[PDB]
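Read the single chain below, which is given as structure tokens and is the form deposited in one PDB entry.
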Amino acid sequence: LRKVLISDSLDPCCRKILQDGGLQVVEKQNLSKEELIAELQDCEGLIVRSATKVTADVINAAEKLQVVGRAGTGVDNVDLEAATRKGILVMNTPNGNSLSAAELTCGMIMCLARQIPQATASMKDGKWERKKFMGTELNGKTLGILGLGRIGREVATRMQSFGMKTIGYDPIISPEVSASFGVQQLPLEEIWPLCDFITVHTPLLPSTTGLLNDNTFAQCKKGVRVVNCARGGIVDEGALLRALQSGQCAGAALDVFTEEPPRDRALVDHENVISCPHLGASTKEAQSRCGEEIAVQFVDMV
């Protein structure tokens, strides 16, 4: 309404847009439970990234709190049940990270195709083992895109320029609409045996938990490569390890995990697995857009 607190390291545009809207802004970081509660005592708004934990205790203590903004995707650090219970509106910026997640996904596909992380590691270990490496050309290969939201769409248009056949599935996006962005929709069971590469870009739901599992992996072409830059758990982690161990899956690229940081190291340590510490939204540009989009939403409210 009048005072907003930013409790994580956000792009400076966020403060600027809120102040342009007429709001007072406090910019703090790495605050503990009581530190955050004290700052919030005169704030009607709170903007977080992922580090600040908007727990039940935080929500209940901040009496003037009306809105909780998340500069990004995934409101896991916010207690939605406690927020709904206190009449606090919860906002996020899903759109702001779209290009960054799509670019990383394409980066991962290329990394799997040419074993770039493994090659760099080999080189940094003072080795020159050309004969140990053999990559694959993306041109003429089939990329399966499960989830045809904005991220899935951006991935498709970039990989089409490589000469990849882009096929996929989304129960919301019609075959006519996907055709307009070059994605041929087929029923799931038809997708699995055709893909050389599979990339998942769906929200995490009961219907999408373990979408890639022992049964669907068995339906895949031998040597399939899997990319998960969406949500941990869409690709059943145990089933993936089994697929990598048998050779059913020739490689996997993971940005997300069921537990972050993952305590089970079997996937990360696998020689055919490349990974990142959830870097999908980690670009100067994505952070700027998220900061802007959350500040605009807060100004729209007042």
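For clarity, a rigid core is taken as the largest C-alpha set superposing within 1.5 Å between two forms. Residue numbers run from 1 along the displayed sequence.
(request) Could you check the entry and say whether 107-115 or 131-139 has the higher mean CA B-factor? (result) Stretch with the higher mean C-alpha B-factor: 131-139.
(message) Going by the mean C-alpha B-factor recorded in the entry, which is higher: 24-32 or 239-247?
(response) Taking the mean B-factor of the alpha carbons in each, 24-32 is higher.
(message) By the CA temperature factor listed in this entry, which of these ranks top: 63, 269, 255, 260?
(response) Among 63, 269, 255, 260, the PDB entry lists the largest C-alpha B-factor for 63.
(request) Classify residue 282 as lowest, middle or highest third according to the C-alpha B-factor given in the PDB entry, relative to its own chain. (result) Ranked within chain, residue 282 CA B lands in the lowest tercile.
(message) Can you tell me whether residue 226 has a C-alpha B-factor in the lowest, middle or highest third compared with the other modelled residues of the same chain?
(response) Lowest third, going by the recorded CA B-factors of the chain.
(message) Can you tell me whether residue 163 has a C-alpha B-factor in the lowest, middle or highest third compared with the other modelled residues of the same chain?
(response) Bottom third by C-alpha B-factor.
(request) Can you work out whether the C-alpha temperature factor of residue 184 puts it in the lowest, middle or highest third of the chain? (result) Ranked within chain, residue 184 CA B lands in the lowest tercile.
(message) Split into thirds by Cα B-factor across the chain's modelled residues, where does residue 126 land: lowest, middle or highest?
(response) Residue 126: CA B-factor falls in the middle third of its chain.
Absent from the display: the form deposited in another entry. The rest refers to it.
(request) Once the core is aligned, please say if the CA of residue 39 is shifted by at least 2 angstroms between the shown form and the other one. (result) Superposed on the core, residue 39 moves its C-alpha 2 Å or more between the shown form and the other one.
(message) On a rigid core superposition, would residue 268 pass a 2 Å threshold for CA movement between the shown form and the other one?
(response) Moves: no, less than 2 Å.
(message) residue 259: after superposing the rigid core, is there a C-alpha shift of 2 Å or more between the shown form and the other one?
(response) No.
(message) Flagged pair residue 287/residue 24: C-alpha distance shifts by 3 angstroms or more in the other form. Which direction, closer or farther?
(response) Closer together, by at least 3 Å.
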